[PDB]
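# Reading the structure
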Amino acid sequence: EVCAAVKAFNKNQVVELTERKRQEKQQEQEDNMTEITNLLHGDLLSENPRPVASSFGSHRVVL
Amino acid sequence: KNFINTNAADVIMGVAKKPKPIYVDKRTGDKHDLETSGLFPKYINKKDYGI
Amino acid sequence: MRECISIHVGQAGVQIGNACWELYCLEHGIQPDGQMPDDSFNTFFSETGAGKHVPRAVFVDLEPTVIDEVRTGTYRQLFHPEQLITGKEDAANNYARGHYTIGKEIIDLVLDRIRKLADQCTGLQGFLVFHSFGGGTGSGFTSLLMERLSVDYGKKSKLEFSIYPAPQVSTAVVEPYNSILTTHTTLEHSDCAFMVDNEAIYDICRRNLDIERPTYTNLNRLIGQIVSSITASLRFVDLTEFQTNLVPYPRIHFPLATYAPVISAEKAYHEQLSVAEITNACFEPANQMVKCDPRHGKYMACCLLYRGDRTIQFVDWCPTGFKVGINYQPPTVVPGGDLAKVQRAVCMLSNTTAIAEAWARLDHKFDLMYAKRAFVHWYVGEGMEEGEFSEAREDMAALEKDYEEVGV
Amino acid sequence: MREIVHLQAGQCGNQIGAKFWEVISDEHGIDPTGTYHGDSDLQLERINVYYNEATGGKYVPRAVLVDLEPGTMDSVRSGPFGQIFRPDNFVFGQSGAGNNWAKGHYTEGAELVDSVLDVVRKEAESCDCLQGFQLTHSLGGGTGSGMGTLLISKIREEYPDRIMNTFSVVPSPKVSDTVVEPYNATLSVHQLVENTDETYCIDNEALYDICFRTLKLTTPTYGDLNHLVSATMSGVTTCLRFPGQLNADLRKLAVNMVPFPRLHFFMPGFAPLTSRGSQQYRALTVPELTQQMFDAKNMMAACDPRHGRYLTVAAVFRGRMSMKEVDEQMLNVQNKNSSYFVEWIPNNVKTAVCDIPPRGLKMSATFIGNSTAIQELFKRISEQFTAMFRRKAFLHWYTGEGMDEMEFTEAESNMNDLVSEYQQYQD
Amino acid sequence: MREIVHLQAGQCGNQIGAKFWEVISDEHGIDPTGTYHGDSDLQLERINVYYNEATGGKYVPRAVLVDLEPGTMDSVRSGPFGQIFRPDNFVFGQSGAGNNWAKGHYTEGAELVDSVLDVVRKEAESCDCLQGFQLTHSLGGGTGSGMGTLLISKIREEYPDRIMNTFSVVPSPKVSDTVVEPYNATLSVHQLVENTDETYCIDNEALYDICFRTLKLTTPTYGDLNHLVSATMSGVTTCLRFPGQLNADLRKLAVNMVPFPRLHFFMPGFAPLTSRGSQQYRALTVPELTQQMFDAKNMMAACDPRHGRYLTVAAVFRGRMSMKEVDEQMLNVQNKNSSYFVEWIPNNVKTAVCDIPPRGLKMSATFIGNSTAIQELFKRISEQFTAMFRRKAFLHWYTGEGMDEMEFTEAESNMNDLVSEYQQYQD
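Residues numbered from 1 in each chain as written, not as in the entry; some residues may be left out. Chains lettered and ligands numbered in written order. Part of a larger assembly, values for the part shown. Heavy atoms only, no water. Residues with missing side-chain atoms left out of burial classes, pairs and counts.

### Focus on the overall build of chain D
Summing up its helical and strand segments, chain D has 15 helices and 13 strands in all. Over its C-alpha atoms chain D spans a radius of gyration of 21 Å, differing by no more than 12% from the 22 Å that the globule rule assigns to 427 residues. Along the three orthogonal principal directions, the C-alpha set of chain D runs to about 60 × 60 × 45 Å. A separation of at least 24 residues holds for 89% of the contacts in chain D among residues at least 6 apart in sequence. (Helix = DSSP H or I, 4+ residues; strand = E, 2+ residues; numbered from the N terminus. Rg over C-alpha atoms; globule rule 2.2 N^0.38 Å. Contact = heavy atoms within 4.5 Å.)

Written out as structure tokens, the structure is:
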């Protein structure tokens, strides 16, 4: 009986550990998507010319 | 050149290959070397030992 | 009346003591606030008249950014705010900074708080010092602490739990200089130093448990289990009989450590864990906590701590070599931990001849550096003479011939 | 409570610093006014390492901006982040150095060090425990090299137990834009060997190489080479501000890569540098950081580490990662290469792990390698210094400032011996 | 656990090996963008033999495309499945080989050989246990054969325990679209002798006999010939990817068919090739797969094994089928014929059964045979090399590239002994 409830607790714990592993893998894929989306939106790889705009005015640029 | 005689002579007058010792740890075939892990006694054989 | 003052020096000490004190809180009823929602906590806790329970520990570091997380974490209300001692600048992997220049700013404060903690306890068994050989503070300030504790606290037990440097992996370049210059000055000032290294616990957490890529917390929890199994007979043998039954000669105080069932909850269902199984699994070289092998040496002593319900060859002069202790409380599972729930466990502390290869490798790497005088200017300029390298090396030469002499 | 004072000289040191401070302020949530607009509590916790609190919640940097002409103090003041700098910290003279070392060291810069040392003695007294200084300057100019190595010699006599990093832009033989380059570079490497604790060597032909073959930029400006440098400049101070599992001071890195007191010229690198086309191919793990960190396409200096032994190596990781995987890749890169690592140092690589990644990344890393392939960098200078000086090509500018010819002879054998000093551990 | 790093060289080498990947990817259920859309798990459990993982559940092949001109590395990219490859693995030079074997072996392909052994080591040291490489090339061109033997000559020395398979397209006997063919092929078969574990021999003329006489197509093309090569490439390496009742690796065929180390030239084939109209009558049983492996019209080399003797025979069966009925037919052909089998090997046939069939078929079969009628190939290359080389015809297009005339004289006598080697296992 005591062996039975220890084995049942072990089986249940195996189910929760497997679900925790699945959850952290899916969260890793989410962070990968955030990685690549932010790096494509970044101005270094987009090369938008607006980064040459200067606070002094719209006629002068940053060298 | 007698290829049959030379092939036989090459495979009789020689030496055998000596493998690097490798031990498997897990049940899924994980392979590691032996002489650089801490198991087989290698570094007590040094001549500096105890002095 | 059976207290144990704990001292945690270094980042290794603080991050191990976090796991240890979480387990100590959960074994009794103590919430992380400090209130219980029986007096067996008295070996580790103090009962303020305002209902609060305060631990008997001192956390020391020369850097503030690993104690500030304890100060802002979940266990913020539990600790006395001045049982956590911090410096401003760390020791920077330098035994000289950690011994002579920086550690002298904190040694008096640590001794003051230790005296204040030891005045509460009626019957004090001894101290437990958690440290790491490789770091700056854990190698310099720890040795300075034992030097200034030997003259102050008598013939008390001074147990050490150390992270000995691993045989092939380390997180520093300058580690062997520390690892020899601390052993030379703690050889005569200690009673028993259980040594576990991180590489063997990585092997066990990969192999026994199925945790590929573990972090330090999965190691700190197993260390906490071993310390609880050592001290559990005070709460539910003593600390005092360990130094009698493990250290024959006064320089050979270096035993080992093992916990017998370290298995996952998806393989505790498949097997018995009877006393013969766990006793056999203590003496297996795959389950030791130092990457070494006691087949290639000779056993000298063994202490077997059971908890809950012709290959092994001994030395000539010690035929018996066994001390056995039995406790009745089974080990307690923490939520989020990785071990199973079990009814029986064993912790074996064994003194063996097969640790000579560790000192031989350490001396080899110290020689390899120091023959060409690398890194010496850092250690010389921080108030430390050069000749101490020569005395530490000839002293550890004497130690290797000691390990051969006793075996012969 | 381990504060860092930033010192920055020349046009090169003022245009690196305008981009470094543009990176730190994003990392701590500071807008161009100076008010904290962030979404954590870790950012505000140790902002005092670089920022001084003002009244009203403002934060101003602990930087001193020096120059010898007033022309580069206006483009800094007219950038996006130019209004956070305290206006007293701009110290600028009205007659330039003119690509001349001697005017920077004896005539013009010597009348300005006493008006800069007043400023740095004001930010050395706001710190409860000052860690050390920082200089960014160019070795190929006249006021980065004359005044800049005049300040270090005067700082190191007043704060002699601190830490004095530099980020030297050493001249390149290919990307070079001054005839009188090797006179200033020879007379300044002589001034860095006995007055710094660490000196990271940067060549501009190695930053163009990274921006052409790895990031694949069409037109890299100087603003895209100042972003490469400033990502390493905050990668070595990142455990002083954010917590971790295994920290590293700047002092702890001085201990482990300086075996002998004159061997402190390193080569930086930064791990996750990638294109915009290769962003969905990259797998974002720790072995991919380690493969790119050690790549010889990747070092920020123009000397190849396949021509010499690696004396010692660093690694300063960021992110939430596994200490088993961090520690098993430094062992892995060390056992295949038997003769790329020096024999009398058995473990060469020191690792540290911080816990907070840069803004917009998952994890990152940094490399600070000490090699005996750095002595080819001081021999292309020493083959062009001696081609000119054997006939006295340009000396009349230099002699007529109070400077003698004998200083061009003592700064030859004092760099001819450092090449032989790095040579004796090459084999 | 058993990886294969694909190499492919030339315009022949890339137009073969771009159709092979469309064959494999629909054998495993991979859409043109790279993701997985399949209805099994045997399609996915052994996919690591050929496919590196990418992010988001996307798989990229382990293929490296080398070439010496950028025109044929944009028809590959603009095909149907051309977007699955990682773009770094595309390697192309800027100036062609020019059908010149010297130009690709010594001059143009000796600086490109250093730039591809960076690529092939990043893909070889990322495998858990490397089984062995491949190659696909032609012995008539310049970059397939000149540089393409320089690769095998080099990466046998660095990796001498692994497997090096090749899929040669040796020159055709009848059709010849290059005058300077025989200098290419004679100088290349010497490099195949020492450095290669297995080599198949494919003639483009004997691919034309299949696609007209047997498959009965109105218009064949170089996609209906690159489907025949790829349907033999998949048959040798399908017991690595799919379970069977009896397995056969890439080693277990080379162990059995290569007795002596100089004799590794084989003769492929493929059994169920039937027309639309004749399909109603054909496609019956397992005796109709052993009938058409061994038919002498189906060989993919233009050399007939009736002229000589099968040293060793092999067969790889695909489909879920009877372990008895496979074994009874190989007993049936080994006993009816006597002088088509060598005397000193009494079990000349090795057999293998793979469960998962090819795409669209319910059963299939594949052949490899090893003959002493493969040495009529080299007696026809050497009849047209020393025809030309007697009066020194095209010699300046090779000698002015850095060769000499006695590199020719040894390379014919490095073929006029392997001809007379095979003539002594004749009797």
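### Considering the overall build of chain A
Helices and strands together make up the secondary structure of chain A, namely two helices and zero strands. Computed over the C-alpha atoms, the radius of gyration of chain A is 26 Å, more than 25% above the 11 Å expected from 2.2 N^0.38 for a compact globule of 63 residues. For chain A, the spread of C-alpha atoms along the three principal axes comes to 85 × 20 × 15 Å.

### Quick notes on the UniProt feature "binding site: GTP" in chain D
Residues and elements named next belong to chain D. Per the UniProt record, the feature "binding site: GTP" sits at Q11, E69, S138, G142, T143, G144, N204 and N226. For this annotated set, covering 216 residues, the C-alpha atoms extend up to 23.0 Å from each other, a dispersed arrangement in space. Looking at the element boundaries, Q11 is found in helix α1 (residues 10-27). Mapped onto the secondary structure, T143 falls in the loop between β6 (130-138) and α6 (148-155). (UniProt positions renumbered as here; feature names shortened; annotations may be inferred.)

### Topic: the pairing of strand β3 (residues 58-61) of chain E
By the bridge criterion, four bridges tie strand β2 (residues 51-54) of chain E to β3 of chain E in an arrangement that is antiparallel. If you follow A54 of chain E over to β3 of chain E, its bridge partner there is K58 of chain E. (Pairing = 2+ DSSP bridges.)

### Section: the interface of chain D and chain C
Across the contact, ten residues belong to chain D and ten residues belong to chain C. It is strand β12 (residues 349-354) of chain D that provides the largest number of residues to the side of chain D that touches chain C, a total of three residues. Across the side of chain D that touches chain C, the residue classes tally to four nonpolar, three polar and three charged. (Nonpolar A, V, L, I, M, F, W, Y, C, P; charged D, E, K, R; others polar.)

### Here we look at the domain arrangement of chain D
Entries for chain D in the domain assignment read domain 1 (3-257), domain 2 (265-374) and domain 3 (375-425). Inter-centroid distance (C-alpha atoms) of domain 2 of chain D to domain 3 of chain D is 34 Å. (Domains from an automatic or database assignment.)

### Details of the sheet that holds strand β9 (residues 258-259) of chain C
The strands that make up a sheet are held in pairs by hydrogen bonds between backbone atoms, and each pair lies either parallel or antiparallel. Residue and element names in this part refer to chain C. Strand order across the open sheet formed by four strands is β9-β12-β10-β11, with mixed pairing between neighbours. Strands with a single pairing partner mark the edges of an open sheet, and in this sheet they are β9 and β11 (322-327). Taken together, the two bridges between β9 and strand β12 (residues 344-352) define a ladder with antiparallel strand orientation. Each residue of the ladder has a partner; that of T258, found in β12, is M348.

### With respect to the sheet that holds strand β4 (residues 57-60) of chain C
All names here are of chain C. Strand order in this open sheet of six strands is β5-β4-β1-β6-β7-β8, and the pairing throughout is parallel. The strands lining the two open edges of the sheet, one partner per strand, are β5 (84-85) and β8 (192-196). By the bridge criterion, seven bridges tie strand β6 (residues 124-132) to strand β7 (residues 157-163) in an arrangement that is parallel. Paired with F127 across the strands is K158, a residue of β7.

### Digging into the UniProt feature "coiled-coil region" in chain A
When the UniProt feature table is mapped onto this chain numbering, "coiled-coil region" sits at residues 10-39 of chain A. Between the C-alpha atoms that bound residues 10-39 of chain A there is a distance of 44 Å. The span itself is 100% helix and 0% strand.

### Re the environment of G10 of chain E
Within the element layout of this structure, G10 of chain E appears in helix α1 (residues 10-16). Apart from the residues within four sequence positions on either side, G10 of chain E is in contact with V66 and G144 of chain E.

### Side note on unusual backbone geometry
Notably, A92 of chain C is not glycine yet its phi reads approximately 60°, a positive angle. Turning to its location among the elements, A92 of chain C is positioned in the loop between β5 and α3 (95-101). With a phi angle near 55°, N99 of chain E is a residue other than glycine that sits in the positive phi range. Tracing the backbone through its elements, the reader meets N99 of chain E in the loop between β5 (90-92) and α3 (101-107).

### Quick look at the environment of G146 of chain D
All names here are of chain D. On the secondary structure map, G146 appears in the loop between β6 and α6. Residues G146 and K103 lie 43 residues apart in sequence; the distance between their C-alpha atoms is 7.2 Å. Discounting residues that sit within four places of it in the chain, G146 has contacts with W101, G104 and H105.

### Some thoughts on the arrangement of the chains
Here the protein chains form four pairs of chains in contact, of which the pair with the most contacts is chains C and D. Chain A shows no contact with chain B. Their nearest C-alpha atoms sit 20 Å apart. Nowhere do chain D and chain E come into contact; their C-alpha atoms are at least 6 Å apart.

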